[PDB]
Amino acid sequence: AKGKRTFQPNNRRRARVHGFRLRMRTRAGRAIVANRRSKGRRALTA
Amino acid sequence: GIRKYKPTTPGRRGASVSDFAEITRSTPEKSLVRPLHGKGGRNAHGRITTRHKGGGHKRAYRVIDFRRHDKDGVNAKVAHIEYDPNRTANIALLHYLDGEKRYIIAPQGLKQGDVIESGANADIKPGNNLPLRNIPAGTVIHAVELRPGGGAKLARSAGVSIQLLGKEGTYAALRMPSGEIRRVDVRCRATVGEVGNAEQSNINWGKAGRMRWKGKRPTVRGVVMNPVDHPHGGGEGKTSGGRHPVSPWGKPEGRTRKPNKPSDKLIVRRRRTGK
RNA sequence: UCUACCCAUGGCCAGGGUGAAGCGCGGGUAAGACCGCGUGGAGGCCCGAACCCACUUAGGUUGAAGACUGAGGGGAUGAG
RNA sequence: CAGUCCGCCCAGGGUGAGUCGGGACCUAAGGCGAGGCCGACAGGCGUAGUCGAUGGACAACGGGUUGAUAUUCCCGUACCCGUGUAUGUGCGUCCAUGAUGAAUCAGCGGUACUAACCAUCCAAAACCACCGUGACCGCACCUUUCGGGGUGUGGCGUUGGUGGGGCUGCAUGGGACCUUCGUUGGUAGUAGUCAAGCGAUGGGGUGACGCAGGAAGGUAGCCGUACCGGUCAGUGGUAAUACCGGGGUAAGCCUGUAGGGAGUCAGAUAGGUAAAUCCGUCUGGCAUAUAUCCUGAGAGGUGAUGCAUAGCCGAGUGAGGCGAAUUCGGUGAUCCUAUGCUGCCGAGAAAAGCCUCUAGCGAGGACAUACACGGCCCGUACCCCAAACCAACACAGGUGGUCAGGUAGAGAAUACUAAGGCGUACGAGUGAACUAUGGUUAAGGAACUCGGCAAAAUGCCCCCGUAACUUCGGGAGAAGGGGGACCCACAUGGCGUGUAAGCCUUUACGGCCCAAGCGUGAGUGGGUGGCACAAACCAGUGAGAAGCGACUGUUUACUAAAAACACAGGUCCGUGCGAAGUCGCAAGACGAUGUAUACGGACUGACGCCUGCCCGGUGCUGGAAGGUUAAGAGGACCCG
RNA sequence: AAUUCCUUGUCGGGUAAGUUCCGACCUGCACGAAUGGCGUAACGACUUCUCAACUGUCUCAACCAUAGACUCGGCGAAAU
């Protein structure tokens, strides 16, 4: 009976992997942030 | 120097273990150890480059002095002989007469309380390390150097010993453990006598647990893989590849040394592979 | 953040058995070889809960559940 | 479902820290990375550094309080860092006093050089003898019936390789002359240095580490008891002999018990990048120390005239007041001594912190007592095997760690219970068929079926008794047989513990002994009851013969757990060392802080007896005479 | 024979009756030595046969109790 689902919340890992200090680190991440800012989103990054 | 276990379990049917009959302590010298952490065979990218390695007992590295050039004319006394994990030959501890302490690999026949010298003016006895230029011809050697001043590289396993065939000009001819006749500059240093613990090759490792302890994951043959995994895989029923055995990367089974490299002008005859 | 493998640092394994090496005594041997008696507490050892699995069967099959439940079942000091 | 209720809706309230978990303290695996190297650009690695707990170091325990917080607030008693003032003792410089210096004046043989001298190793040019034929010539062959190749008969290029003398020259190691300290004989042990105190980012020690196994000494806990406060529960008997409730209290501060560990003093010295009185090494004196020193569970004293409790009064919202006895034993941890002790091989993190050394700063500074003060930033409510988290739901699934009462019992299993918590969110009726889950069955007992699928059955403790075969360990709980209840006696017995106790005394937290008291199995003999003594729950079916795989293990999450994968053991091939192999265009990295008794690849798969023939085909390895054949060089001739 | 189309090969065990099973023969369609040949104590939720005990698996079904099914009140779907 191993009913272990796929989402195990851990906000430290959330912020560490999808965080702002990480999106602004590589070229692609800066592009993603600018793209979201252009589309108008309210949550630029996790 | 081996103990054979009794058949009290299928994992110990014919297993054997080294007798440790030469050790004199069970702990290192606290000032000559360094940390070690195993990788599993994964290089700076994180990818496996060498397979079948990892998940083994922790161990610590005991600093060893292979570049024996400083203490020249200063005697030393062997204080103990010990067991180190990451090496096939036993380690031996030396108290110098100045007050330094340091390790070496133990030659066969060494024993506690024995005194060893060094340098060009040294006696021809096991443990004494002196330049290849001051060693007569026909004497067994171990732990010799390749370039002058560049540490000891050749023949430092357990029980192996090169032989010094003779000298010709500014070079000395050496018969390696494998059978090659190489030529090495005569400024290179070397220790006398063969390496100790020469029975350790006669050990059955019993069960698979012992190999997993020393650390090596299991290896899966080629024929049982699929055609996309290995140039052998495939075939309903039991096959044989039908491909002139090849490596997992397609490289055939031939000769792999790079042709015509700088060091081929010092090699007199390579090893013999027939029979 | 599920799953495969590896790296650093922590945790867990009720209860009951069998009796290896060595050591002491004896017998025995020119001497070894070995045999009875004490001490000793090894092993991918044995029976068995927590824990990890998933061999059989019935139920479910617009389910309680997008792979589960009841009975039995394998491992349980180790490649855990 | 309904709902006056709600984890729903609305308003207001609520989270109190020098000691708890984090930061201001430290590093591991990993991340970023000043310069930097590599790469057409984009970018890849990485040094010094700086981050990163799942680890290291670090000061607080009982009781009370509100409707919501408590190691946070209040009460009682403590501990850790800093600051100011006052006091007593007080060691220092300024000076003044002790120890101590250091070089000239003629003065070593070694560091060890020039030239040389000795020993050893090595090979230049010519000169001596031999295989071997790249050639090649004739000659003998199985020949092609000799007309061809290739092998021995002997001469040529010694083309390659051997051996002894010879050798012009290198080089290493010693002695030899180049200043380093000479034996100090005056000049110069006062005059330069050291004697308060703080002392490093520098040296050294410690921090500092594995798995397994008991025996011993304790405590928490639980069960009885002296003693104290109370009940008559409408029954046949029971007033005290019966029954129920109490039979408590921490950190810290004293003392140093069981256990565990350890030698001390003198000389001199580049080894610790400079110096060391510190650490190592060598040479000596001292007993191998009940001694002496370090660590240390517990008992005991104090904290405690306090705090808290069984009960009695009040009042019944539940405020408020009083408050007894508190000794002795038995059993006993999976917790403490214990980062201990003993074994074994698979050999078991770093840094800060603390101690000590000098280098250095120095005219002020060290110790103790009294009084007055500062102790920063984040979390603190509420759920937390769950209707509050991951599952679309108030979902029979999933979720790491700490406590662990009583009876039976080997047990944290199983049955019933104590503290504590709940009856969980649609009901009420009713002997229909049929389906699911439990229960029983006459006579027969696999006759059912693809198949004993499902069910039934054996099931524990103590004594007896145990086969073929074997790698001598096993097979084995083999198979098979007997007993199990409650009373009485042997029994004031036997065993454990140990009080008043006698003994000795190392006057100590000594140890031997042992009435009483408390606790406990096993055996024997005689009785008693039932259909049944393992009485309920818990709790192996066993034996014979084939095939496959040696064995424990791994595998298709979700129709395949196997004869498939792995394995310990073999043989082959490659690899002489920033090796072979791999990731990358390159730098670089793993292989390995390894070195052929090692590393990578391929096939077979414990152990025993063995692996027979073929190199023609395809590969891999080693080569030469010839033919073949690309770029580049070559530029006769011809043409415009 | 995990390998045999002919095939239910031939003989013998075992049952009252044996296309499965065991021991032998060998005419090997189309075994064979590290894509290893033949054996082997111990081990196996592996595949195949036989025995003892046991039983509703069966001759052959019967009865009891719970959860649905059926009736009354409330809320109130679905594929087609």
# chains A, B, ... in the order shown; residues from 1 in each chain; ligands from 1

call {"tool": "select_by_dssp", "arguments": {"residues": "chain A", "states": "helix (DSSP H, G or I)", "output": "list in words"}}
result
residues 11, 12, 13, 14, 15, 16, 17, 20, 21, 22, 23, 27, 28, 29, 30, 31, 32, 33, 34, 35, 36, 37, 38 and 39 of chain A

call {"tool": "interface_residues", "arguments": {"of": "chain A", "to": "chain D", "cutoff": "8 Å", "atoms": "only C-alpha atoms (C1' of nucleotides)", "output": "list in words"}}
result
residues 1, 2, 3, 4, 5, 6, 7, 8 and 9 of chain A

call {"tool": "residues_around", "arguments": {"residues": "residue 139 of chain B", "least_positions_apart": "6", "cutoff": "9 Å", "atoms": "only C-alpha atoms (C1' of nucleotides)", "output": "mmCIF file with C-alpha atoms, in the first residue's frame"}}
result
data_model
loop_
_atom_site.group_PDB
_atom_site.id
_atom_site.type_symbol
_atom_site.label_atom_id
_atom_site.label_comp_id
_atom_site.auth_asym_id
_atom_site.auth_seq_id
_atom_site.Cartn_x
_atom_site.Cartn_y
_atom_site.Cartn_z
ATOM 1 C CA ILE B 124 72.618 -2.593 0.512
ATOM 2 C CA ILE B 162 61.934 -4.818 -10.448
ATOM 3 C CA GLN B 163 65.469 -5.989 -11.194
ATOM 4 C CA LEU B 164 68.457 -3.840 -12.158
ATOM 5 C CA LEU B 165 70.063 -5.375 -15.229
ATOM 6 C CA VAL B 192 66.175 -1.940 -1.826
ATOM 7 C CA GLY B 193 64.322 -5.238 -1.407
#

call {"tool": "closest_atom_pairs", "arguments": {"of": "chain C", "to": "chain A", "cutoff": "10 Å", "atoms": "only C-alpha atoms (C1' of nucleotides)", "output": "CSV"}}
result
residue,atom,partner,partner_atom,distance
C:1,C1',A:8,CA,5.0
C:2,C1',A:6,CA,4.3
C:3,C1',A:6,CA,9.9
C:54,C1',A:1,CA,9.9
C:65,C1',A:3,CA,9.9
C:67,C1',A:1,CA,9.3
C:68,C1',A:1,CA,7.5

call {"tool": "write_last_selection", "arguments": {"atoms": "N, CA and C atoms (P, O5', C5', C4', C3', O3' and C1' of nucleotides)", "output": "PDB file, in the first residue's frame"}}
result
ATOM      1  P     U C   1      14.958  15.698  -5.829  1.00  0.00           P
ATOM      2  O5'   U C   1      13.706  16.681  -5.830  1.00  0.00           O
ATOM      3  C5'   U C   1      12.406  16.226  -6.189  1.00  0.00           C
ATOM      4  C4'   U C   1      11.504  16.085  -4.986  1.00  0.00           C
ATOM      5  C3'   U C   1      10.141  15.442  -5.254  1.00  0.00           C
ATOM      6  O3'   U C   1       9.739  14.678  -4.124  1.00  0.00           O
ATOM      7  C1'   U C   1       9.819  17.526  -4.270  1.00  0.00           C
ATOM      8  P     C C   2      10.218  13.165  -3.941  1.00  0.00           P
ATOM      9  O5'   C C   2       9.288  12.343  -4.932  1.00  0.00           O
ATOM     10  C5'   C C   2       8.097  11.726  -4.472  1.00  0.00           C
ATOM     11  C4'   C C   2       7.514  10.808  -5.514  1.00  0.00           C
ATOM     12  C3'   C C   2       8.383   9.635  -5.935  1.00  0.00           C
ATOM     13  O3'   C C   2       8.279   8.534  -5.054  1.00  0.00           O
ATOM     14  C1'   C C   2       7.540  10.722  -7.851  1.00  0.00           C
ATOM     15  P     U C   3       9.583   7.708  -4.619  1.00  0.00           P
ATOM     16  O5'   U C   3      10.135   7.110  -5.980  1.00  0.00           O
ATOM     17  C5'   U C   3       9.669   5.867  -6.470  1.00  0.00           C
ATOM     18  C4'   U C   3      10.262   5.547  -7.817  1.00  0.00           C
ATOM     19  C3'   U C   3      11.755   5.291  -7.845  1.00  0.00           C
ATOM     20  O3'   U C   3      12.114   3.994  -7.423  1.00  0.00           O
ATOM     21  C1'   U C   3      11.220   6.795  -9.547  1.00  0.00           C
ATOM     22  P     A C  54       7.149  -5.163  -4.230  1.00  0.00           P
ATOM     23  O5'   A C  54       6.357  -6.527  -4.411  1.00  0.00           O
ATOM     24  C5'   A C  54       7.034  -7.774  -4.364  1.00  0.00           C
ATOM     25  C4'   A C  54       6.093  -8.896  -4.018  1.00  0.00           C
ATOM     26  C3'   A C  54       4.907  -9.038  -4.957  1.00  0.00           C
ATOM     27  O3'   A C  54       4.517 -10.403  -5.047  1.00  0.00           O
ATOM     28  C1'   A C  54       4.133  -8.510  -2.790  1.00  0.00           C
ATOM     29  P     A C  65     -14.020   6.490  -3.662  1.00  0.00           P
ATOM     30  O5'   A C  65     -12.527   5.961  -3.711  1.00  0.00           O
ATOM     31  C5'   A C  65     -11.458   6.802  -3.318  1.00  0.00           C
ATOM     32  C4'   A C  65     -10.130   6.097  -3.402  1.00  0.00           C
ATOM     33  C3'   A C  65      -9.580   5.850  -4.792  1.00  0.00           C
ATOM     34  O3'   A C  65      -8.923   6.992  -5.306  1.00  0.00           O
ATOM     35  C1'   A C  65      -9.311   3.917  -3.440  1.00  0.00           C
ATOM     36  P     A C  67      -4.214   4.712  -7.988  1.00  0.00           P
ATOM     37  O5'   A C  67      -3.947   3.212  -7.536  1.00  0.00           O
ATOM     38  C5'   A C  67      -4.954   2.468  -6.867  1.00  0.00           C
ATOM     39  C4'   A C  67      -4.619   1.001  -6.802  1.00  0.00           C
ATOM     40  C3'   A C  67      -3.168   0.674  -6.451  1.00  0.00           C
ATOM     41  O3'   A C  67      -3.110  -0.454  -5.576  1.00  0.00           O
ATOM     42  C1'   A C  67      -3.744  -0.363  -8.488  1.00  0.00           C
ATOM     43  P     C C  68      -2.234  -0.398  -4.230  1.00  0.00           P
ATOM     44  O5'   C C  68      -3.305  -0.498  -3.061  1.00  0.00           O
ATOM     45  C5'   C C  68      -3.836   0.674  -2.458  1.00  0.00           C
ATOM     46  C4'   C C  68      -5.209   0.422  -1.894  1.00  0.00           C
ATOM     47  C3'   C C  68      -5.330  -0.752  -0.942  1.00  0.00           C
ATOM     48  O3'   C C  68      -4.927  -0.442   0.379  1.00  0.00           O
ATOM     49  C1'   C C  68      -7.054  -0.862  -2.536  1.00  0.00           C
TER      50        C C  68
END

call {"tool": "residues_around", "arguments": {"residues": "residue 52 of chain C", "least_positions_apart": "4", "cutoff": "10 Å", "atoms": "only C-alpha atoms (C1' of nucleotides)", "output": "PyMOL selection string"}}
result
chain C and resi 75-76+80

call {"tool": "write_last_selection", "arguments": {"atoms": "N, CA, C and O atoms (P, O5', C5', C4', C3', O3' and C1' of nucleotides)", "output": "PDB file, in the first residue's frame"}}
result
ATOM      1  P     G C  75      11.930 -16.188   4.885  1.00  0.00           P
ATOM      2  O5'   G C  75      12.527 -14.717   4.801  1.00  0.00           O
ATOM      3  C5'   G C  75      13.658 -14.444   3.990  1.00  0.00           C
ATOM      4  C4'   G C  75      14.144 -13.025   4.139  1.00  0.00           C
ATOM      5  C3'   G C  75      14.606 -12.601   5.520  1.00  0.00           C
ATOM      6  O3'   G C  75      15.909 -13.038   5.844  1.00  0.00           O
ATOM      7  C1'   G C  75      13.221 -10.931   4.612  1.00  0.00           C
ATOM      8  P     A C  76      16.321 -13.229   7.379  1.00  0.00           P
ATOM      9  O5'   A C  76      15.821 -11.899   8.082  1.00  0.00           O
ATOM     10  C5'   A C  76      16.603 -10.719   8.031  1.00  0.00           C
ATOM     11  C4'   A C  76      15.996  -9.602   8.842  1.00  0.00           C
ATOM     12  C3'   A C  76      16.044  -9.763  10.351  1.00  0.00           C
ATOM     13  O3'   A C  76      17.293  -9.369  10.895  1.00  0.00           O
ATOM     14  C1'   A C  76      13.870  -9.121   9.695  1.00  0.00           C
ATOM     15  P     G C  80      23.057  -3.280   2.131  1.00  0.00           P
ATOM     16  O5'   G C  80      22.027  -3.977   3.120  1.00  0.00           O
ATOM     17  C5'   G C  80      20.925  -4.721   2.630  1.00  0.00           C
ATOM     18  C4'   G C  80      19.732  -4.657   3.553  1.00  0.00           C
ATOM     19  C3'   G C  80      18.922  -3.380   3.514  1.00  0.00           C
ATOM     20  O3'   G C  80      18.040  -3.328   2.413  1.00  0.00           O
ATOM     21  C1'   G C  80      19.255  -4.045   5.755  1.00  0.00           C
TER      22        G C  80
END

call {"tool": "atom_distance", "arguments": {"atom1": "atom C1' of residue 322 of chain D", "atom2": "atom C1' of residue 249 of chain D"}}
result
21.4 Å

call {"tool": "interface_residues", "arguments": {"of": "chain D", "to": "chain B", "cutoff": "7 Å", "atoms": "only C-alpha atoms (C1' of nucleotides)", "output": "ChimeraX atom specification"}}
result
/D:122-123,271,280-281,346-349,473,551,566-568,573-574,580,582-583,589-591,595-597,601-602,619-620

call {"tool": "atom_distance", "arguments": {"atom1": "atom CA of residue 138 of chain B", "atom2": "atom CA of residue 103 of chain B"}}
result
27.3 Å

call {"tool": "residues_around", "arguments": {"residues": "segment 90-101 of chain D", "least_positions_apart": "5", "cutoff": "8 Å", "atoms": "only C-alpha atoms (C1' of nucleotides)", "output": "PyMOL selection string"}}
result
chain D and resi 189+192-194+196+363-366

call {"tool": "interface_residues", "arguments": {"of": "chain E", "to": "chain B", "cutoff": "10 Å", "atoms": "only C-alpha atoms (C1' of nucleotides)", "output": "PDB file with N, CA, C and O atoms (P, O5', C5', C4', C3', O3' and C1' of nucleotides), in the first residue's frame"}}
result
ATOM      1  P     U E  35      31.799 -19.503 -24.526  1.00  0.00           P
ATOM      2  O5'   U E  35      30.734 -20.558 -25.061  1.00  0.00           O
ATOM      3  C5'   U E  35      29.520 -20.807 -24.363  1.00  0.00           C
ATOM      4  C4'   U E  35      28.454 -19.785 -24.687  1.00  0.00           C
ATOM      5  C3'   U E  35      27.018 -20.201 -24.412  1.00  0.00           C
ATOM      6  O3'   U E  35      26.657 -20.106 -23.048  1.00  0.00           O
ATOM      7  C1'   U E  35      27.147 -19.164 -26.528  1.00  0.00           C
ATOM      8  P     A E  42      20.623 -32.559   1.728  1.00  0.00           P
ATOM      9  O5'   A E  42      21.253 -31.128   2.000  1.00  0.00           O
ATOM     10  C5'   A E  42      21.522 -30.684   3.319  1.00  0.00           C
ATOM     11  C4'   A E  42      21.797 -29.204   3.346  1.00  0.00           C
ATOM     12  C3'   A E  42      20.667 -28.311   2.868  1.00  0.00           C
ATOM     13  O3'   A E  42      19.707 -28.048   3.870  1.00  0.00           O
ATOM     14  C1'   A E  42      22.655 -27.679   1.794  1.00  0.00           C
ATOM     15  P     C E  43      18.171 -27.842   3.474  1.00  0.00           P
ATOM     16  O5'   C E  43      18.173 -26.506   2.615  1.00  0.00           O
ATOM     17  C5'   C E  43      18.367 -25.246   3.230  1.00  0.00           C
ATOM     18  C4'   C E  43      18.425 -24.130   2.220  1.00  0.00           C
ATOM     19  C3'   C E  43      17.180 -23.916   1.384  1.00  0.00           C
ATOM     20  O3'   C E  43      16.157 -23.204   2.052  1.00  0.00           O
ATOM     21  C1'   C E  43      19.055 -23.910  -0.020  1.00  0.00           C
TER      22        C E  43
END
